[PDB]
Structures are given as structure tokens and as C-alpha cells.
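Heads up, the thing below is written out as C-alpha cells.
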Amino acid sequence: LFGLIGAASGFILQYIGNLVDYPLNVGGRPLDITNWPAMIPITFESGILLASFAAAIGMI
Amino acid sequence: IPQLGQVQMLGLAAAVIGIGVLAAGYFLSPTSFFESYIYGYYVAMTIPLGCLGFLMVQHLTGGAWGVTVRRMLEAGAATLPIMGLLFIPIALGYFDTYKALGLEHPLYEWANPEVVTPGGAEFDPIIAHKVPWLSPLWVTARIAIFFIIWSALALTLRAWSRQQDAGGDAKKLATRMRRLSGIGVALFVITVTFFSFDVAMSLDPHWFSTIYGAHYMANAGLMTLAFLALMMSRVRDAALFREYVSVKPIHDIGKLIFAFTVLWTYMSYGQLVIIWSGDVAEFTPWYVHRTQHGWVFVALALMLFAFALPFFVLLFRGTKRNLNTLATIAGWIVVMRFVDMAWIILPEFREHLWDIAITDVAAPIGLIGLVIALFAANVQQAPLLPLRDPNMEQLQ
Amino acid sequence: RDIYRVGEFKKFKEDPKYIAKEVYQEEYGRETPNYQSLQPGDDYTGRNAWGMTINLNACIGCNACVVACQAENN
Amino acid sequence: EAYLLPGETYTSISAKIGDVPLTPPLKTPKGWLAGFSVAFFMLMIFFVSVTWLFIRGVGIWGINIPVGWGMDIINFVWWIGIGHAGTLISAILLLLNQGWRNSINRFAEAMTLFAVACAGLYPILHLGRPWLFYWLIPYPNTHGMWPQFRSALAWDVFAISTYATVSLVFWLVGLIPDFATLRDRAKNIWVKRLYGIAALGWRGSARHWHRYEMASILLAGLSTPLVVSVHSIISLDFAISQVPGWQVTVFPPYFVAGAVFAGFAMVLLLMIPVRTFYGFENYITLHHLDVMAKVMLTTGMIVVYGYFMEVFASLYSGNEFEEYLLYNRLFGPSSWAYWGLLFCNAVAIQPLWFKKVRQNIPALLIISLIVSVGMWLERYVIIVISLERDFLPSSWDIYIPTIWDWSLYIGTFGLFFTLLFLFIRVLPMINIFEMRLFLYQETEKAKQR
Ligand code: SF4
């Protein structure tokens with residue numbers, strides 16, 4: 001549950017921050033969903049963090 | 001054993017059907033026959049190479065899953081010499097045998113005299129810069145040397161495994177195979193990497209990728225793992241599994257399939273993001289063709305059907321403990337692996353999704369049918385699960 | 001490398017594009033480098049697009065542009 | 001050979017591992033005091049280096065315009081790679097069901113936490129405006145500015161933060177039973193209540209071990225792609241760029257293999273004295289060193305495979321810049337690092353193939369030292385040499401490091417060893433409950449013959 005929330009949170013944060021709230025053009029990189037490369041790492045790291053925290057805190 | 005014979009008959013029927021329609025496509029068009037035969041040879045080579053690699057890996061690190069499918073890995077790896085003879089048609093393509101057999105232009109760009117020779121009509125300096133390395137004599141010599149290495153390793157390991165059923169299993173025939181697998185792993189990595197460079201990557205001499213080849217090993221490992229799960233579900237009641245195999249080896253192999261699926265996705269995404277963010281023009285045409293004329297839909301299907309769907313299904317403790325469910329997932333994985341290779345190889349020839357012909361579907365099934373038939377004959381040759389093995393205690 | 005390009009006026013008169021057709025033949029075998037990109041970029045159609053051109057036939061290395069840039073941009 | 005030799009008892013493991021801590025402060029061995037004094041001296045060197053770097057600036061290093069990344073990034077990649085092997089031992093081996101991780105997972109994971117703590121300073125120290133590091137973090141501000149998230153340094157911030165937090169909570173989860181065994185043997189009343197709140201009143205019982213084992217399995221299954229993605233991102237920071245020597249597609253797995261390569265070398269270098277000093281020869285046997293050297297040899301062979309792929313790529317392409325990269329590595333002004341690379345991580349790792357060398361302790365110490373030097377030389381060859389000579393020949397210059405970045409290097413070694421000496425003094429360096437469980441498993445295996 002927390003891992004899927006974590007992954008979704010990371011993708012939402014990146015999309016809103018750089019493709020919605022302040023649409024900066026950086027190096028001609030796309031501002032659409034075609035910017036799906038370079039959004040995988042932050043999303044993956046966020047999901048792992050929430051999932052790991054849930055396991056340790058949950059066991060306790 | 002009867003289930004293995006039924007699988008052998010099914011593989012023979014699929015092989016003769018594929019060869020027949022492949023010969024029909026050759027008579028209709030001689031070029032498209034070789035274009036599809038390259039892709040069929042590349043996709044059918046994954047079972048024997050992956051079987052040999054996993055056999056040597058499980059010898060280095062002994063486990064329950066390794067002893068469970070050791071004889072099956074030896075039977076799959078023993079088909080490598082027949083595969084070398086199957087390379088003869090491809091070698092005939094890039095040799096002077098062209099202008100015959102219906103080939104107007106040579107099968108490979110680096111074998112056309114109009115390109116690699118300075119002063120030619122189609123001189124390309126980038127392709128011609130590799131004229132001593134990318135030569136029909138040098139490529140055939142490298143391929144033959146790799147086949148001698150692979151056949152020698154597979155036949156020696158199988159012969160030592162057969163001799164283990166006679167005597168002296170603890171002192172010898174278990175450490176010798178471990179040391180041979182230790183040096184063989186480095187040998188197998190180098191040979192397969194350069195084999196992938198020569199057969200598939202040399203189709204476009206303007207592009208190269210260092211991660212490529214390792215992507216091929218992870219791809220072949222996922223294919224042979226799903227193939228092993230399917231064949232384990234087929235022969236689950238051979239009176240040898242029933243008395244020595246529990247749910248632990250099935251769970252370990254399911255975990256290995258899950259780990260190799262995320263490994264393949266990790267390699268493919270790594271290559272993509274490296275080429276995508278660094279927009280260098282010498283590496284962009286590869287991902288341009290694979291995202292053009294409908295080929296993007298193939299990539300999107302691989303992203304979802306070959307990553308997310310297997311990742312979530314195999315995430316649970318179930319669906320990997322149950323052999324039936326794991327075999328069903330392995331069948332979907334096998335189907336997806338065929339599409340992935342089509343996405344890598346077929347765009348070079350067809351250049352359109354609609355331009356894909358019937359021979360592009362015929363050659364993979366036609367050659368994997370011969371691979372399955374030889375695998376079933378080699379697995380019926382000897383009994384499964386070597387009883388005389390110090391690692392057999394790991395099954396208790 | 002293709003840092004500095006030099007030609008002759010007698011050949012430039014017949015074809016002003018002959019210098020670019022060279023190099024690309026020795027590098028690729030064709031007269032045009034079919035560079036392909038994976039990034040879309042931006043449009044810049046109806047808007048102002050600031051650009052600069054440096055004529056190598058007029059540069060003499062007087063280093064006046066460097067002192068002007070230093071005096072203008074702190 | 002066996003991973004547990006003598007007829008140990010559960011109380012034998014408990015007393016032998018519990019006697020290293022809980023020793024009265026006046027009974028501390030003199031060797032610990034000498035090592036901690038050396039580590040504290042190097043820590044003062046670290047404090048002087050950081051203080052002067054903050055006062056003057058990053059201009060005290062040898063970085064210039066072409067080479068904007070010097071040893072401030074080399075030592076960072078070196079340190080962040082040291083902990084990959086310990087994360088592999090503490091997580092990957094748990095999934096692989098390997099029995100030789102029970103006696104070295106605690107010390108290895110401690111090395112990961114300390115190496116990550118040392119590597120976590122360079123992204124702040126090399127900044128030039130260090131106090132603004134939080135601008136890379138998405139925080140609510142009075143401006144409305146976001147990080148780019150399309151650069152690899154934003155991935156790097158999220159990766160190190162996740163790596164450090166997950167490794168810390170996993171280490172503490174593994175320490176909870178050992179905390180319970182310590183507060184049960186602490187004797188003194190105020191030494192108790194300290195491990196007691198650390199153990200959270202563990203009360204080792206069923207309905208608790210079940211959730212403990214499942215959470216530990218999930219944590220290891222999650223931390224394996226975590227550390228892989230971390231070092232893959234530390235590889236992406238160079239691979240995303242357009243530098244000829246940096247845009248190499250095989251960098252993610254090559255960096256992962258190199259990280260675990262240098263990690264196993266450092267772990268062998270630091271565990272052999274730990275094994276031979278304390279009476280731990282019954283727990284860390286010679287078969288441990290054998291299999292660890294085998295893994296180190298395999299990872300070194302994957303690194304050599306990466307060397308060959310780079311050479312094949314430079315020879316295969318007709319690009320002037322890949323060819324000059326190979327020429328500048330082979331006969332350039334900095335070719336010494338490439339030759340040291342080829343000598344260290346390619347020639348010196350070959351003796352590991354044999355068994356007599358794999359069972360020799362001094363040979364393992366020398367090989368581990370040579371491997372660590374070669375890994376530092378490889379990071380130097382990848383970064384500095386590639387950055388020295390770029391596309392425009394006029395933008396060519398040489399990179400000569402100063403004394404202050406060296407002072408930071410020795411200083412980071414001292415902080416690393418200070419934290420390690422404090423860990424081996426306060427907490428048990430071998431996981432106790434995992435060792436007695438391994439003894440129970442070996443007893444059951446001997447019962448079933
Ligand atoms: S100011 Fe002098 S150096 Fe600068 S561009 Fe003009 S001629 Fe060249």
C-alpha cells in the first residue's frame with residue numbers, strides 16, 4: 001500500500017512541479033508525458049522509501 | 001517420459017510447419033527468407049545459451065533449484081553443436097555465395113564490396129573503417145571459435161555428469177565441474193557478448209552500444225527460465241520429481257524469473273535513458289526507427305505486458321509457489337520475449353510494422369521447434385536428477 | 001577536426017556550399033549529414049529569436065570584443 | 001571446509017560476542033586506544049580541511065574550467081561504492097539463502113552506514129555554496145522554484161537519502177535482538193535501561209519472530225534494487241552527459257560491479273584483523289575468506305569485461321573523439337593512471353583464480369590493497385582524463401590536485417575509522433542471534449546426516 005503510494009507520489013510531484021506549476025524548457029526536453037524517461041528514478045526511490053519504512057515501523 | 005514424447009511431437013510439428021512456410025516465403029522472395037532466418041536464429045539461440053550459462057552458474061553456486069533442473073540444463077546445452085550447423089545459411093549469405101541463392105545485394109552491409117572499398121559507388125567511411133574486423137572470414141572464424149568453446153564446455157560438463165552416476169561423486173566430478181564452470185563463466189560472457197555484437201549489432205554498422213550483449217544475456221536468461229518452468233510443469237509427475245522435488249525449488253525458480261524480469265527492464269531502461277538524455281546523433285537513429293511507423297506501440301506493449309504485469313503478478317507469494325500459475329506466467333513471458341527480439345531485429349529489415357511478413361513469424365517457431373525436439377531427445381537420453389551428488393542433500 | 005573551415009574564392013563563386021559538401025563526404029560518404037534528434041525542442045515561429053553570426057573573413061584578433069565584454073558585464 | 005568449525009554452544013556464542021562490549025572503560029585494550037587516537041588525529045585533519053574550505057572556497061582545490069570535477073567527485077564515488085558489498089552481504093545473501101552471511105553482515109552493514117556517511121559530505125563540500133544544498137530538495141519556499149528532476153544530481157539526492165535511511169532502519173531492526181541480549185547481560189543498572197529502550201523490550205518470542213523474519217525478508221528484497229539503482233544513478237551522472245569518455249552505455253552495470261569489487265576488497269582488508277584479533281576464528285573461518293575472494297574475483301572479471309567493452313567501443317567507432325580518448329588514456333599526459341589501472345584491477349586479480357592463493361591471508365591483504373588503489377585510479381581515469389581533452393582543442397588543460405583535497409581524503413578516512421572504532425567498542429560486531437540460529441541449523445543438518 002505505502003509503496004504504491006510512494007511511487008505515485010514521486011511521479012505526481014515531478015509532473016506537477018516541472019510540467020505544470022512552472023513549465024521550464026530545459027535543453028529542449030519534452031514537457032509532456034514524453035518526458036517519461038528521467039521520471040523513473042525519483043519515482044522508484046520514493047516507493048522504496050515508503051515501503052521500507054512501513055515494514056520496519058509496521059513490525060514494531 | 002510420455003509427456004516429454006508429446007512435447008517432442010509438438011515441437012516437431014511446429015518445426016516442420018515453420019520450415020514449410022519459410023520455404024514458401026523463400027520461393028516467393030529469396031531476400032525476405034534470410035531476413036527472417038536471422039531473427040529466427042537469434043531468438044532460437046536463447047534456450048541453449050541460457051541453459052549452458054545457468055548450468056555453469058548453478059555449478060558455481062549450488063542450490064536446490066540447480067539440482068532440480070541440472071539434467072534439464074545439460075540437455076538444453078547439449079544442442080549447441082547442432083545450432084552451429086544452423087549458422088551455415090547465415091554465413092553463406094555474407095560470403096561470395098551471394099548473387100546466387102537469389103540475393104541481389106549481400107546480407108550484411110559490411111560484406112558488400114560497393115561499401116567497404118574506397119572508391120566504390122556506395123563507400124561509407126564509418127562502415128569501411130571496420131574492414132579487417134568486420135570481414136566474412138573474420139566473422140566466420142570468430143563464430144566457429146565461439147562454437148568450439150561452447151560445444152567443448154557443454155559436452156565435457158554433460159560427460160562428467162554422466163560419469164557422476166558411476167562412482168566417485170564426492171571427491172571428484174563435483175569440484176572439477178565447479179572449476180570448469182568458474183573459468184567458463186568468464187569465457188561464456190566474452191563469447192556471447194561478441195556473438196551478439198557480430199550477428200545482431202553488426203546489422204547497422206553506424207551504431208554501437210556497450211551495454212548491448214549483456215542485455216542479450218539477461219534476455220536469454222529470462223527465456224530459458226520461463227522455458228524451464230514450462231517444462232517442469234509438463235514433467236511434474238515423472239516418478240523422479242514426485243519423490244525428490246518439493247515446492248521450494250519451484251518457489252526459487254519463480255523468484256529467479258522475477259529477478260531476471262526486473263533485471264532485463266533495468267538494462268533496457270538504462271540504455272534508453274543514457275541515449276535519450278545525451279542527444280548525440282551517433283546513437284539516436286536506433287531509437288528513432290524503433291519509435292517510428294507504429295513500432296512505438298510495440299515498445300509500449302513491452303513496457304506494460306512484459307514489465308508491469310509480470311512484476312505485479314510474481315510479486316505475491318502465490319503464483320510462484322503454484323507450478324500451474326507459474327507456467328501460465330512463463331508462457332506469457334515467453335510470448336513477450338519473442339516480441340522484444342522482434343522489436344530489436346525486425347525494424348532493421350521491415351522498417352514498418354505492416355511490412356512484417358509471414359516469414360518473420362515462421363522462422364522463430366520453425367527453429368525453436370527443432371530446439372525443443374532436440375531438447376526432448378537429450379532429456380529422454382538420461383535420467384533426471386543426479387542421485388549421486390553431494391548437493392542432493394539440499395533437496396531434503 | 002571540423003573547428004575551422006577554409007575555402008577558395010574561385011571555387012566559392014561557382015558554389016558557395018562546396019566547403020560544407022566536403023568534410024561530410026570524408027566523414028560520412030554523403031554530401032549532407034542527416035543528423036537525427038530524439039528531443040522536440042521549442043517552436044520559435046511567431047516570436048523573436050535572437051541569433052549571432054561571426055564572419056571569419058573579417059576577424060583579425062584585435063581583442064576589442066573581449067575588453068568590451070569585460071567592461072559591459074562586470 | 002565448514003562455515004562453523006567447533007562444537008559451539010548458544011551460551012558460547014552469547015558470551016564470546018558479548019564480552020567484546022560491556023567491558024569496563026578502564027579495561028579497554030590498548031590496541032583500540034591506539035587506533036582511536038590515530039582516527040581522531042585524522043578527524044582533526046578533516047575538521048581543519050573543512051573549516052579552511054568553508055572560509056576560502058572550493059578554489060583551494062585544483063579544479064579549473066575544463067576539469068570542473070576533481071577528486072571531490074572521485075573520492076565520493078569511491079566511498080559510495082565501498083558500501084555496495086556490505087549491502088549485498090546484508091540483503092542479497094539473505095534472499096540467496098547463503099549461510100556465510102551470518103558472521104559478517106553486522107560489520108559489513110556498519111561499513112555501509114559509515115561509508116555512506118562519509119560519502120554524504122562531498123555533494124555538500126564540493127558545492128562552492130554549500131549552505132544552499134537544500135535547494136536540491138523539494139521544499140516549500142517563498143519563491144515557487146522546483147528542482148529540475150531531469151538531471152542526475154536530483155536522482156542522486158533522492159537515492160542517497162533513501163539508501164541511508166533504509167540502511168539505517170534495516171541495521172536497527174537487525175540490532176534489536178542483540179540489544180535485548182545486551183540489556184540481559186548488562187549487569188549494571190544504568191547500562192541497562194539504555195539498551196532496554198534500544199531493544200524496545202524485545203522479549204524474544206513467537207508471534208514476534210514470524211513478523212520479524214517476514215519484515216526482514218521484505219526489507220532485503222527491497223534494498224537489493226535500492227543499492228543497485230543507487231550506484232546505477234551514480235553511473236548515470238556521467239552517462240547522461242555528452243563527454244566522449246562519459247557517454248558509455250554499459251556504465252550502470254560496470255559501476256555496480258566496480259562498487260561491489262572495491263567493497264569486498266575493503267571488507268576483507270578490515271575483517272581479517274578483526275577475525276585474528278578477537279577470538280572469532282570459530283565464526284569467521286577460512287572458507288569465509290575463500291568465498292569472499294571468489295566473489296571479488298568474479299566482480300573484478302566483470303570490471304575487466306567493462307574495460308574490454310570500452311576498448312572495443314573506441315576501436316569500433318570512426319569518431320575522432322573516441323579514438324583520441326583511447327590515445328589520451330594510453331600515451332597521454334595522464335597515462336600513468338591508465339597503466340596503474342591495467343596493472344592493479346586486471347593483473348593482480350588473476351592470482352585469485354587459484355586455491356592456495358585464495359587460502360593465503362597475506363596475499364589476500366596485498367590484493368585487497370592493490371584493488372582499492374586500482375579502483376581509485378579507475379575513477380580518476382574515467383573522470384579526469386576524459387574531462388581534460390574535450391571537443392575543442394583550445395579548451396584543453398591539465399588537472400593537478402592540491403594539498404587540501406588530499407587533506408580531505410585522509411580526513412574522511414579518519415572519520416570513517418573513528419565511527420568504526422566507536423561501533424566495535426559499544427555494539428557487538430557480530431550478529432548474535434543469527435549465529436546461534438546458524439548453530440541450531442547446523443545441528444539439525446548433522447542430525448539428518
Ligand atoms: S573585435 Fe577583433 S577579435 Fe573580436 S571578432 Fe572583431 S575582429 Fe575578431
Given the conditions (1) in contact (Cβ under 8 Å) with a residue 60 or more places away in the chain; (2) under 23 Å from D:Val256 (Cβ atoms); (3) in contact with a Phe, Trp or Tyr (Cβ under 7 Å, 6 or more places away or on another chain); (4) within 12 Å of chain B (Cβ to nearest Cβ), which single one is not true for D:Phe321?
-> (2)
If the Cβ limit is 7 Å and pairs must be 6+ apart or interchain, which residue in the range D:136-153 that is more than 7 Å from every other protein chain (Cβ to nearest Cβ) pairs with which residue that is assigned to a loop (DSSP other than H, G, I, E, B) and not polar (S, T, N, Q)?
-> D:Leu136/D:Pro147; D:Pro147/D:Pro138; D:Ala152/D:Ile240
Take D:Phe312 and decide whether it is under 26 Å from D:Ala262 (Cα atoms), in contact with a helix residue (DSSP H, G or I) (Cβ under 9 Å, 6 or more places away or on another chain), surrounded by fewer than 18 Cβ atoms within 10 Å (Cβ to Cβ) and within 14 Å of chain B (Cβ to nearest Cβ).
-> yes
Quick one: would you say B:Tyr94 is in contact (Cβ under 8 Å) with a residue 40 or more places away in the chain, more than 14 Å from chain D (Cβ to nearest Cβ) and within 16 Å of B:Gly366 (Cβ to Cβ)?
-> no
Residue tally, condition of a type in the set (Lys, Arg) and either within 9 Å of chain D (Cβ to nearest Cβ) or crowded, with 19+ Cβ neighbours inside 10 Å (or both), over the range B:260-296 = 0
Within the range B:260-291, work out how many residues are assigned to a loop (DSSP other than H, G, I, E, B) and touching a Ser or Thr at 6+ places or on another chain (Cβ under 8 Å).
-> 5
State all residues of the range A:27-60 that are of a type in the set (S, T, N, Q) and in contact (Cβ under 8 Å) with a residue 40 or more places away in the chain; if no residue qualifies, say none.
-> A:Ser46
State yes or no: is B:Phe316 in a helix (DSSP H, G or I) and over 22 Å from the mean Cα position of the chain (by Cα)?
-> no
Does the range B:342-359 contain at least one residue that is within 18 Å of B:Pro48 (Cα to Cα), more than 14 Å from chain D (Cβ to nearest Cβ) and buried (at least 21 other Cβ atoms within 10 Å of the Cβ)?
-> no
D:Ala446 versus (1) under 30 Å from D:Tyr324 (Cα atoms); (2) without any contact (Cβ under 8 Å) to a residue 60 or more places away in the chain: which is the lone unmet condition?
-> (1)
Scan (1) within 11 Å of chain D (Cβ to nearest Cβ); (2) surrounded by 17 or more Cβ atoms within 10 Å (Cβ to Cβ); (3) outside any helix (DSSP H, G or I) for the single condition B:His206 breaks and write down its number.
-> (2)
Within the range B:113-140, count every residue that is small (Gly, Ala, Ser), surrounded by fewer than 18 Cβ atoms within 10 Å (Cβ to Cβ) and facing another protein chain (nearest Cβ under 9 Å).
-> 0
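Yes/no per residue for (1) part of a helix (DSSP H, G or I); (2) within 14 Å of chain D (Cβ to nearest Cβ); (3) under 22 Å from B:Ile47 (Cβ atoms):
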| residue | (1), (2), (3) |
| --- | --- |
| B:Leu228 | yes, no, yes |
| B:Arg236 | no, no, yes |
| B:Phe258 | yes, yes, yes |
| B:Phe312 | yes, no, no |
In the range C:37-68, residue nearest to the ligand (Cβ to nearest atom) [restricted to those that are of a type outside the set (S, T, N, Q) and at positive phi] | C:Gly61
Is the range D:343-363 home to any residue that is among the basic types (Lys, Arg), surrounded by 16 or more Cβ atoms within 10 Å (Cβ to Cβ), within 14 Å of chain B (Cβ to nearest Cβ) and in contact with a helix residue (DSSP H, G or I) (Cβ under 6 Å, 6 or more places away or on another chain)?
-> yes
Segments classed as helices (runs of 4 or more DSSP H), wholly inside the range D:9-115, with at least 1 members that are of a type in the set (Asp, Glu) and away from chain B (no Cβ under 14 Å) | D:71-87
Tell me, yes or no, whether the range C:19-36 has at least one residue that is more than 14 Å from chain A (Cβ to nearest Cβ), more than 24 Å from D:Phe391 (Cβ to Cβ) and either out of contact with any strand residue (DSSP E or B) (no Cβ under 9 Å at 6 or more places or on another chain) or within 16 Å of the ligand (Cβ to nearest atom) (or both).
-> no
Of (1) more than 14 Å from every other protein chain (Cβ to nearest Cβ); (2) closer than 28 Å to D:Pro252 by Cβ; (3) among the aliphatic types (A, V, I, L, M), D:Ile382 satisfies every one except (1)
Could you tell me whether D:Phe354 is free of Cβ contacts under 8 Å to residues at least 12 places away in the same chain, more than 23 Å from the chain's Cα centre (by Cα) and within 19 Å of D:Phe264 (Cα to Cα)?
-> yes
Which ones in the range B:180-201 are part of a helix (DSSP H, G or I) and more than 9 Å from chain D (Cβ to nearest Cβ)?
-> B:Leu180, B:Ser181, B:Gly184, B:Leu187, B:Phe188, B:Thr191, B:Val192, B:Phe195, B:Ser196, B:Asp198, B:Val199, B:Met201
List, please: which pairs have Cβ atoms under 9 Å, are six or more places apart or on different chains, and start with a residue in the range C:44-72 that is away from chain A (no Cβ under 14 Å) and end with one that is of a type in the set (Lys, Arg) and more than 8 Å from the ligand (Cβ to nearest atom)?
-> C:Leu56/C:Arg5
Using the structure shown, decide if D:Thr402 is more than 15 Å from D:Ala265 (Cα to Cα), β-branched (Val, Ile, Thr) and in contact with a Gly (Cβ under 6 Å, 6 or more places away or on another chain).
-> yes
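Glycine also receives a Cβ, built like all others from the backbone with ideal geometry; neighbour counts cover every protein chain displayed. Each value in this text was obtained by applying a stated rule to the coordinates, not by laboratory testing.
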